[PDB]
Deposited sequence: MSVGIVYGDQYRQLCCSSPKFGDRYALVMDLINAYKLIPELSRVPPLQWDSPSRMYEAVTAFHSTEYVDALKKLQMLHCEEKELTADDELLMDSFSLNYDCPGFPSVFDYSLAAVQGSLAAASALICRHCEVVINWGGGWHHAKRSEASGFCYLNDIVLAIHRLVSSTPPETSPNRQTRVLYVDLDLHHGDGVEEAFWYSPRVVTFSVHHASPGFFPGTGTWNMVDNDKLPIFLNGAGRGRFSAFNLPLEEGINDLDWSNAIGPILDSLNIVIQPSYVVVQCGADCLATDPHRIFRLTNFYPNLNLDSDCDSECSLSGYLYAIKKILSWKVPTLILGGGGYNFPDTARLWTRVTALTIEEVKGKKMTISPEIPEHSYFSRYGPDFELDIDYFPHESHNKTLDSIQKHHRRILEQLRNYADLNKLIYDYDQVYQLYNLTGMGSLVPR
């Protein structure tokens, strides 16, 4: 039973931003064109009994003043801003990368509604895995919008998971960018282990998840925040070998109750960032599909979320394959996807070849592996977890 977050209103809201435009619609219509929808349990986004209940849910992480500012920003964009209102927005970074637009609050709230409903479906055991392609806004902070992330749906979903009972959550962030917002939220918590693989280089957004020595959490959360910064140009195989032993070692040591995976598609070779060279190939084998298949082999209730990805048809091509892989891994039912894009309302967006495969022809890691292994040992010692060092050592 694989769950997928969707709904008519949800679709309209996810498609209402100037940055992500109709991406979510392309993603969901491609999944539907590949006849995957009948295999999936629709997870309806969470709706609240009152404005107070909605505030209680969002303020489990964000400050009231920030939520008030975001709701006022939407109101203001539904009618220019005064000098005092511009100052107020600037105090929450609601500007530049995170501008206001008529549906800014509804749009960012929708991802939270989706990811909280997805966590609830895992908690009641209705779904083994839940997918939310409208979610994964990893950069949003308590009182600050960042990288087009206004509300952090991941933190709120993880917070719902961790507090459902000892519950431990493993958060794996596959996006090109460092998952700073999620890592910061759980910096002092040993029960949420964060691991982000990403590109890092001077002046590259958001700037964290790299050498500062490496910070890895604080207080009781020391050694609980893991990071693997990778150089530009990394391909499927090298990225797969870089993350594989880390994922496996985290699962053996942490023994998570839940896994939350952020699957931002900006690592694709065809993403306009043009930083990593990952594919959606399923014979080289896509780094994403290798990582997703590995996580699902653990048989731990999992939450799969979206994130980055500016090349909309290529993000759809990758997420359609992630979706089919999840059905296969959970149900044990073969999913056969035709290499040609099937006819549907968005067919023309996949041109000029109309194929499912993206249009692409293809010591530092060992040093990070040793650093990460030491951190995992340190985390295990601080948290009094029983583990076999040799079983973990041999994975690398």
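Residues of the deposited sequence that lack C-alpha coordinates fall in the stretches 1, 81-82, 169-176, 224-231, 303-314, 394-401, 436-446.
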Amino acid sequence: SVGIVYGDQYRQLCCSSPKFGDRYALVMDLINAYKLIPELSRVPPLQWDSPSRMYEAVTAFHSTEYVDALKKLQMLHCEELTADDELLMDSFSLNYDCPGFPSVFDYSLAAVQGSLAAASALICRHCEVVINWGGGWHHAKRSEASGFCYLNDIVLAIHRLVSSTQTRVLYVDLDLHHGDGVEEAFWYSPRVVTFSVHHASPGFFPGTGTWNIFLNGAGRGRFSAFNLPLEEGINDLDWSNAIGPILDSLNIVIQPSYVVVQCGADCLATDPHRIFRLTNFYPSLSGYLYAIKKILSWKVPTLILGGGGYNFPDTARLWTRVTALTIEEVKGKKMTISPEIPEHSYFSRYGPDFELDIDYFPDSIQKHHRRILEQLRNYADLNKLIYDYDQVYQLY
From here on, numbers count along this sequence of modelled residues.
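Compared against other deposited entries of this protein, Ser284 counts as often unmodelled, lacking coordinates in at least a third of those that resolve the residues around it. Coordinates for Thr165 are absent from at least a third of the other compared entries of this protein that model residues on both sides of it. Annotation for 187-195 versus 171-179: the higher mean temperature factor (C-alpha) is found in 187-195.
Checked against the record, the higher mean CA B factor of 265-273 and 139-147 lies with 265-273.
Based on the entry's C-alpha B-factors, the most elevated value among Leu73, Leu81, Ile295, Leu278 belongs to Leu81.
In the deposited coordinates, the residue among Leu46, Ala60, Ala33, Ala69 with the greatest CA B-factor is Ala33. Annotation for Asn216: C-alpha temperature factor in the middle third relative to the rest of the modelled chain, per the entry.
When all modelled residues of the chain are sorted by CA temperature factor, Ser52 is found within the lowest third. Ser163: CA B factor in the highest third of modelled residues in this chain (values from the PDB entry). Sort the modelled residues of the chain by CA B factor and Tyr310 lands in the highest third. Per the PDB record, residue ranking by Cα B-factor puts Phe204 in the lowest third of the chain.
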